[PDB]
Amino acid sequence: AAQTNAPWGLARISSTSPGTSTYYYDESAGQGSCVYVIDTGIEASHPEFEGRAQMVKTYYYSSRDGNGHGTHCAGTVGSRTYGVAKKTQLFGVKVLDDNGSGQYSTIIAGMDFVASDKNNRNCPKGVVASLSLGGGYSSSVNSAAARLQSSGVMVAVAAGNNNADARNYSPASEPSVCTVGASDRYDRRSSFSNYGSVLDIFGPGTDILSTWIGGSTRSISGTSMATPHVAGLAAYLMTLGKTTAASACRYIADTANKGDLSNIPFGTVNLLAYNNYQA
Ligand SMILES: [Mg+2]
Ligand code: NA
Ligand code: NA
C-alpha cells in the first residue's frame, strides 16, 4: 500500500533516503495488534481514529485529553492519515494531567495497569506500549518499565529532549525497553534529542504532523513524536509476524537504516527506524 503526500516521518521510515513523501507499507497495517498510549489521554472521538481508539484508564478526574500531547502521539501510532500502523487498536491510559505533567508514582501505576489490563483485551498479534514521557533518573520508574516489558509488552520510551546523555533520565535509561531518540527531515539528530549508549534507535521527531484535540491537527517536535513512530512500527512488524514483543526493539535496530544521521556523538547508535517494505 502507499499513502501519497504523507507526513515526512512516515515517508522516512519506508525509505533508505530522506526527502521522499510517499509512505509505503504492507496493507495489514498493524491489524490485530494493540498499542497502549500512556500519556495525557486520547481524544477517541477524533475522526482520524476511525473508532479504533478508546480510553481504558485515567488517573485524573476525567479521561479526556485536555492537552493534546497524548492525542498527537496516538495519531502517530495509529491514525488513518498520520499513523504508522493504520489498523492497530489504540488504548489510552491517562497518567499525565492536562498540562502534560505527572508524578512518577502515577506513571508507575499506569505501567502496572497496562501489564495487567492486556489480559482483558483481544490482541492476537501482540501488545505495544508507547511512553512519550519521563523526567530525571528514577530506579523505580525504570523498574516499572522493565516489568511492563517482562510482562510481554513491547515498551518504547522517549529518550528525552535535554540534548544530554539519556543515562540521567527515566524511563529512558532502563536498558530492557526500547529507548528512542529523534531525528529531523534532513537526517540530523534533532537539536533537542538526548543521546547516549542507552539509546536503541532513532525515529522522526522534528516537525511531526499528527492529530490534536478539538478534532484538529498540528505539527510539533520532540522525542515524544519519535517514540510512537517506533511503537507503531513494532505493532506493524508484529502483525506481519516478523518479530515479537520481546525481540522487536532488537529487530528494529537490526533492520534500521545505518549510518545515515549527522551529529550523532561517538558511543550513540546511528540507526533510524525502517520498515524494509518491499512490495
Ligand atoms: Mg534498550
Ligand atoms: Na507515545
Ligand atoms: Na553522525
Side-chain angles (χ1 to χ4, degrees), residues 35-42 53 65 67-79 82-85 88 90-96 100 102 107 110-111 114 128-134 142 145-146 148-150 153-160 166-167 169-184 186-190 193 195-205 208 210-211 220 222-235 246-254 257-272:
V35 186
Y36 287 84
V37 181
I38 304 177
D39 211 290
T40 64
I42 306 174
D65 180 9
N67 182 274
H69 185 270
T71 291
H72 193 278
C73 296
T76 298
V77 178
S79 67
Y82 316 100
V84 173
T88 195
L90 298 160
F91 297 134
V93 180
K94 180 175 172 61
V95 301
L96 302 179
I107 291 162
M111 297 195 235
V114 172
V128 181
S130 195
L131 288 61
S132 290
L133 54 73
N142 284 5
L148 179 56
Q149 178 74 46
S150 164
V153 175
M154 186 299 170
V155 181
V157 312
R167 68 200 296 176
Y169 299 92
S170 291
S173 62
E174 166 50 36
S176 67
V177 299
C178 206
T179 301
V180 182
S183 63
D184 77 17
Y186 299 107
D187 284 353
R188 305 173 292 220
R189 174 171 64 89
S190 301
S193 183
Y195 51 80
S197 62
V198 72
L199 268 69
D200 295 284
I201 190 65
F202 283 81
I208 304 305
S210 189
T211 40
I220 57 168
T223 59
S224 284
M225 289 53 266
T227 302
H229 282 91
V230 169
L233 178 58
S247 303
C249 187
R250 179 185 299 210
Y251 181 87
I252 289 168
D254 273 0
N257 285 309
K258 186 189 194 175
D260 297 316
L261 304 170
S262 66
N263 206 35
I264 299 292
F266 199 85
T268 296
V269 296
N270 194 330
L271 300 171
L272 180 63

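Positions are given from 1 along the sequence. As the structure lists them, so they are numbered: ligands from 1, and atoms in each ligand from 1. Worth knowing before you read on, the calculation uses all heavy atoms, side chains too, and leaves out hydrogens, waters and symmetry mates.
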Undergrad: Within the distance-only criterion (no hydrogens, no angle test), does the side chain of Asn142 pair as donor or acceptor with the backbone N or O of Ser170 below 3.5 angstrom?
TA: no
Undergrad: Are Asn263 and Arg188 side-chain neighbours, meaning at least one heavy-atom pair lies under 4.5 Å?
TA: no
Undergrad: Taking the side chain as everything from C-beta on, heavy atoms only, tell me whether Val157 gets closer than 4.5 Å to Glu174.
TA: no
Undergrad: What heavy-atom pair brings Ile252 and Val230 nearest, and what distance separates the two atoms?
TA: CD1-O, 4.1 Å
Undergrad: Heavy-atom distance under 4.5 Å between the side chains of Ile107 and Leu96, does that happen here?
TA: yes
Undergrad: Are the side chain of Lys94 and the backbone N or O of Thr40 linked by a donor-acceptor pair below 3.5 Å?
TA: yes
Undergrad: Any donor-acceptor pair under 3.5 Å linking the side chain of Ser132 with the backbone of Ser224?
TA: yes
Undergrad: Tell me the protein N, O or S atoms under 2.8 Å from the Mg ion (ligand 1), in chain and number order.
TA: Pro175 O, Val177 O, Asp200 OD1, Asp200 OD2
Undergrad: Looking at the Na ion (ligand 2), is one of the N, O or S atoms of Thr76 less than 3.0 Å from it?
TA: no
Undergrad: Using a cut-off of strictly less than 3.0 Å, determine whether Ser224 has an N/O/S atom near the Na ion (ligand 2).
TA: no
